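A.B. asks: here is my input; please provide its structure:
(one chain, ligands or ions: 1)
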Amino acid sequence: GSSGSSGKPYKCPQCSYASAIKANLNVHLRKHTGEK
Ligand SMILES: [Zn+2]
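C.D. replies: Numbers count the residues shown, from 1 in each chain. Sure, the structure comes next:
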């Protein structure tokens, strides 16, 4: 196996999380911008 990285541009500023869609990162950040 010789594969590189995922190439996913939209990455979390707090996690190792990445996605191919800006709105998927937007939903992920709603958990970082507030709670309870
Ligand atoms: Zn995150």
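A.B. asks: can we go C-alpha only for contacts and neighbour counts from here?
C.D. replies: OK.
A.B. asks: what pairs with residue 19 across the strands?
C.D. replies: Beta bridges link residue 19 to residue 10, judged by DSSP bridges.
A.B. asks: roughly how far apart are it and the ion?
C.D. replies: Look at residue 19 and the ion: by CA to the ion, to the nearest Å, they are 11 Å apart.
A.B. asks: in this protein, which residue sits nearest the ion?
C.D. replies: Residue nearest to the ion within the chain: residue 15 (4.2 Å; CA to the ion).
A.B. asks: quick one, what contacts the most centrally placed residue in the chain?
C.D. replies: Per CA atoms, centre = their mean, the C-alpha nearest to the average position across the chain is that of residue 18, at 3.1 Å. With contact set as CA atoms under 8 Å, 6 or more residues apart in numbering, residue 18 has these partners: 8-12, 25.
A.B. asks: do that again at 6 Å, thanks
C.D. replies: 8, 10-11 (CA atoms under 6 Å, 6 or more residues apart in numbering).
A.B. asks: what does the helix or strand harbouring residue 25 rub up against?
C.D. replies: For residue 25, the host element (DSSP states H and E) is helix 22-29. Residues outside helix 22-29 that contact it (CA under 6 Å, 6+ apart) are residue 10.
A.B. asks: mind redoing it with 8 Å?
C.D. replies: Residues outside helix 22-29 that contact it (CA under 8 Å, 6+ apart): 10-12, 18-19.
A.B. asks: stretch 29-36 close to the ion?
C.D. replies: No: no part of stretch 29-36 sits near the ion under the criterion CA under 5 Å from the ion; the closest distance found is 6.0 Å.
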